[PDB]
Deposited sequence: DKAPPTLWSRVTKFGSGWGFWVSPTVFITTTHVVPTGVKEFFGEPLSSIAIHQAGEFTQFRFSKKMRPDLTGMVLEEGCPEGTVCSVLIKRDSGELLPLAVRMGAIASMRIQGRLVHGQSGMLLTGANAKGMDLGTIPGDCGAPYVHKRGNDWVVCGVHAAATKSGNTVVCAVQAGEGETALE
């Protein structure tokens, strides 16, 4: 089914890319797009935010409700092999570009000199440099689950990588 407007409304311009409101207080994004040298995010001073970063995954937990209009939704560490996700890409022009991607292995992979814990995927039937931070989502029953943020792609764009939360598990090491 198609991503509803409210889901798109979670995708938010941030730094040199985008991020995603998981709930009224939780924002996720790709580490390398986070602005450098600032003293606040969304008008909130850094000391009022719990900032967790693991490789290319960044999560902010704000101490006040930033998007009280939203329900919380489920964030998971990647998804099973073969899961078809949608990358909810917003462009600066306002265009929405949902990209279908069949996900592969969760691994720590070397990307441009750095080790990155993420999940690779194959673009179906692409992304650009400004798209980093866009969420990878998939529908489970009647709800949407977010499981990664856009972090990298092969020059062609045919293979993509989403950063995912830290955590070891027997399906991924």
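- Comparing the deposited sequence with the modelled residues, the stretches lacking C-alpha coordinates are 126-134, 182.
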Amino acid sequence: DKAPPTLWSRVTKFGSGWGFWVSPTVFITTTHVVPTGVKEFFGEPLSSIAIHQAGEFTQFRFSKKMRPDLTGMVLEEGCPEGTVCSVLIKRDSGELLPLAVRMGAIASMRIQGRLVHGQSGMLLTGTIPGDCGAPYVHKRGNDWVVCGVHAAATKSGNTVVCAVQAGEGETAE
From here on, numbers count along this sequence of modelled residues.
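Between two forms, the rigid core is the largest collection of C-alphas that superpose within 1.5 Å.
- Rigid core fits of the other structures in 8 other deposited structures of this protein place the C-alpha atoms of one stretch farther away on average; of 102-110 and 22-30, that stretch is 102-110.
- Core superposition of the other structures onto this form places the C-alphas of 126-134 farther off in 8 other deposited structures of this protein than those of the other stretch among 50-58 and 126-134.
- Stretches compared: 105-113, 44-52. Higher mean C-alpha B-factor in the entry: 44-52.
- The deposited model assigns a higher average Cα B-factor to 35-43 than to the other stretch when 116-124 and 35-43 are compared.
- Comparing C-alpha B-factors across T25, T12, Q165, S156 in the deposited entry, the largest value falls on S156.
- Per-chain ranking of the deposited C-alpha B factor places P80 in the highest third.
- Ranked by C-alpha B-factor against the other modelled residues of its chain, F62 falls in the highest third.
- In the deposited entry, the Cα temperature factor of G169 sits in the top third of values across the chain's modelled residues.
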